[PDB]
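**Q** Handing you a structure now.
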Amino acid sequence: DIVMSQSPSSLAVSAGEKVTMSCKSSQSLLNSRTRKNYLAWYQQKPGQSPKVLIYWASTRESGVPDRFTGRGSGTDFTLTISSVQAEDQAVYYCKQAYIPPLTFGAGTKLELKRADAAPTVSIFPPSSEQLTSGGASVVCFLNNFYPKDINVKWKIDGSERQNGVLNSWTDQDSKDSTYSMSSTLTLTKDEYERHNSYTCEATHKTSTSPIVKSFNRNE
Amino acid sequence: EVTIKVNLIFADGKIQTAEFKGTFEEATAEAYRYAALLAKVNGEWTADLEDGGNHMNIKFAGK
Amino acid sequence: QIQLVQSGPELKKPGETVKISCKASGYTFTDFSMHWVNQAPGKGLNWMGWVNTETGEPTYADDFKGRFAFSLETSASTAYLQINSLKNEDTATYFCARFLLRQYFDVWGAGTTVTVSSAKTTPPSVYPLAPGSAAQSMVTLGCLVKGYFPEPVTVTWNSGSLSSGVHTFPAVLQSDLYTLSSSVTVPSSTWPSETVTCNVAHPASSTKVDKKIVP
């Protein structure tokens with residue numbers, strides 16, 4: 001069995017810069033006969049199936065941007081993107097088909113670096129429809145910020161709340177290369193109504209002070 | 001299984017960041033091999049460890 | 001339109017069996033071998049093996065012996081993958097792919113997700129998320145989809161016509177139920193002048209709800 005080692009595990013690069021990913025096989029992939037290295041590179045974006053970019057180690061498939069170049073022979077291979085763009089955000093895998101079983105590398109995750117951006121924060125009180133069910137969910141969106149690192153903090157009547165909070169983060173946006181996050185604070189209809197001030201505070205390096213969004217039930 | 005976070009600092013000042021996973025030895029080794037790969041175009045390099053060794057800065061001289 | 005069409009998502013309790021299909025379209029089925037590749041949630045690709053579309057002879061990778069069978073329906077240019085004695089660890093997306101002489105996969109099926117769980121299928125509740133104020137700029141609207149099982153749910157805005165500035169967050173599981181939210185940002189001019197509604201679909205429960213966001 002041929003083991004495929006890919007590095008780095010993940011790479012973050014600015015738009016327009018050159019990117020280099022490497023793949024090494026535990027043994028030669030060169031088919032001395034056909035004199036071709038049976039190594040291919042596949043790109044996989046979130047939720048999609050893999051898609052070939054390079055095969056025979058250095059032959060680019062038609063339709064693949066010429067900024068993608070594969071090189072190498074034997075056991076050492078590299079995939080290079082000459083001028084990375086947001087549409088290149090994905091996970092890349094090399095795969096050998098020299099000797100069965102076919103084996104893939106663990107993949108290299110490619111992400112973009114861009115100018116910092118403060119999150120756009122929106123808070124929403126429970127919907128009348130949900131309350132009419134006996135539940136109260138307060139939602140808060142922290143959209144299109146960068147870097148990916150951010151922290152959210154809720155406050156009911158001025159006091160921190162931590163139980164009942166679920167957070168979710170999107171993959172890097174394929175268009176503006178930013179990140180977004182959703183935070184849902186779920187309480188019982190009774191809990192909710194026994195309070196008036198609901199706040200969502202976002203802490204991001206873009207501001208020394210947190211961005212605060214809130215609403216008063218009495219309003 | 002650890003994760004070595006690396007700062008690839010180029011001559012022009014631009015920066016790319018990478019992560020290598022595995023045993024501290026292999027992950028560190030991978031970082032050094034990756035540096036050699038990038039050296040063929042970015043020049044000679046120096047490496048410095050930090051974060052109990054988990055963080056690393058690799059600076060290329062260029063040329 | 002050369003393609004491989006795979007059967008819809010599956011929800012099975014451990015110990016059960018499942019059989020997914022991969023229908024070839026637009027090419028001579030028997031001209032190329034069909035391979036199966038699987039992918040666990042958030043993990044890499046794993047080659048399961050392949051089947052000769054001409055003879056039906058299967059070839060399995062070691063990690064896939066015993067409970068996995070590759071079969072064919074030649075007359076219908078279709079390949080099948082059957083998994084027996086389903087385990088939790090079998091929860092993944094299974095892809096079928098066409099293999100070429102130059103040793104690479106050129107056509108892939110979209111993948112069939114198999115979820116191995118005992119949890120009960122549950123419809124989602126769709127709640128609208130309208131802004132508390134009405135300033136005038138960009139306006140952010142949302143839709144809350146909670147309490148459903150199993151994945152997945154599809155969310156669109158204005159039946160897909162509204163796709164820019166959309167953020168549909170990955171669902172979060174809690175007590176055998178998933179909760180998901182989707183936001184959309186549009187010009188203050190368009191809304192509420194022009195209608196804006198999310199379309200939530202949860203095939204697992206034949207649920208297809210539309211929710212117009214009113215001020």
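Chain labels run A, B, ... following the order of the structure tokens; each chain numbers its residues from 1, and ligands are numbered from 1 in the order shown.
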How close does range 71-90 of chain A get to range 152-176 of chain A? List, as CSV, each residue of range 71-90 of chain A within 8 Å, its nearest atom pair and the distance in Å to one decimal, counting only C-alpha atoms.
**A**
residue,atom,partner,partner_atom,distance
A:86,CA,A:174,CA,5.6
A:87,CA,A:174,CA,5.8
A:89,CA,A:174,CA,6.9
**Q** What parts of chain B does DSSP call helix (DSSP H, G or I)? I'd like the answer as a ChimeraX atom specification.
**A** /B:24-42,51-53
**Q** Output as a VMD selection string the set of chain B residues within 6 Å of chain A, with distances taken over only C-alpha atoms.
**A** chain B and resid 16 to 20
**Q** Emit the selected residues as a JSON list (two decimals), in the first residue's frame, including N, CA and C atoms.
**A**
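Saved result, result.json, follows:
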[["chain", "number", "residue", "atom", "x", "y", "z"],
["B", 16, "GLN", "N", 2.70, 34.54, 4.41],
["B", 16, "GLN", "CA", 1.78, 33.45, 4.17],
["B", 16, "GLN", "C", 1.85, 32.64, 5.46],
["B", 17, "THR", "N", 0.75, 32.00, 5.85],
["B", 17, "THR", "CA", 0.77, 31.19, 7.06],
["B", 17, "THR", "C", 0.40, 29.75, 6.74],
["B", 18, "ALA", "N", 1.02, 28.80, 7.43],
["B", 18, "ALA", "CA", 0.74, 27.40, 7.19],
["B", 18, "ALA", "C", 0.65, 26.60, 8.48],
["B", 19, "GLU", "N", 0.06, 25.42, 8.38],
["B", 19, "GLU", "CA", -0.04, 24.54, 9.54],
["B", 19, "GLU", "C", 0.40, 23.15, 9.15],
["B", 20, "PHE", "N", 1.15, 22.51, 10.04],
["B", 20, "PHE", "CA", 1.62, 21.16, 9.80],
["B", 20, "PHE", "C", 1.14, 20.33, 10.98]]
**Q** Given a cut-off of 8 Å, which residues of chain C touch chain A, counting only C-alpha atoms, written out as a ChimeraX atom specification?
**A** /C:44-47,49,61,95,102-106,108-111,127-132,140,167-172,181,183
**Q** So the first atom is CA of residue 16 in chain A and the second is CA of residue 82 in chain A; what is the distance between them in Å, to one decimal place?
**A** 7.6 Å
**Q** When you count only C-alpha atoms, which of these residues is closest to residue 126 in chain C: C:77, C:189, C:182, C:174?
**A**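 Once distances to residue 126 in chain C are computed over only C-alpha atoms, the minimum belongs to C:182.
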**Q** If you count only C-alpha atoms, which residues fall within 7 Å of residue 24 in chain B, apart from same-chain ones fewer than 3 positions away, as a ChimeraX atom specification?
**A** /B:2,27-28
**Q** Need to verify the contact set: residue 46 in chain B, 7 Å, only C-alpha atoms, exclusion of same-chain residues closer than 6 positions in sequence. Can you return it as a list in words?
**A**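 My reading of the contact set: residues 58, 59 and 60 of chain B.
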**Q** Go ahead and save the residues from that selection, with N, CA, C and O atoms, as an mmCIF file, in the first residue's frame.
**A**
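Generated file (selection_15.cif):
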data_model
loop_
_atom_site.group_PDB
_atom_site.id
_atom_site.type_symbol
_atom_site.label_atom_id
_atom_site.label_comp_id
_atom_site.auth_asym_id
_atom_site.auth_seq_id
_atom_site.Cartn_x
_atom_site.Cartn_y
_atom_site.Cartn_z
ATOM 1 N N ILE B 58 9.575 31.519 9.793
ATOM 2 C CA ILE B 58 10.609 31.183 8.831
ATOM 3 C C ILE B 58 10.784 32.412 7.940
ATOM 4 O O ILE B 58 9.847 32.845 7.275
ATOM 5 N N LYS B 59 11.980 32.989 7.955
ATOM 6 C CA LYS B 59 12.245 34.186 7.165
ATOM 7 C C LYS B 59 13.190 33.923 6.004
ATOM 8 O O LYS B 59 14.310 33.451 6.198
ATOM 9 N N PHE B 60 12.736 34.238 4.798
ATOM 10 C CA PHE B 60 13.547 34.043 3.608
ATOM 11 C C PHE B 60 14.302 35.333 3.282
ATOM 12 O O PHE B 60 13.747 36.430 3.382
#
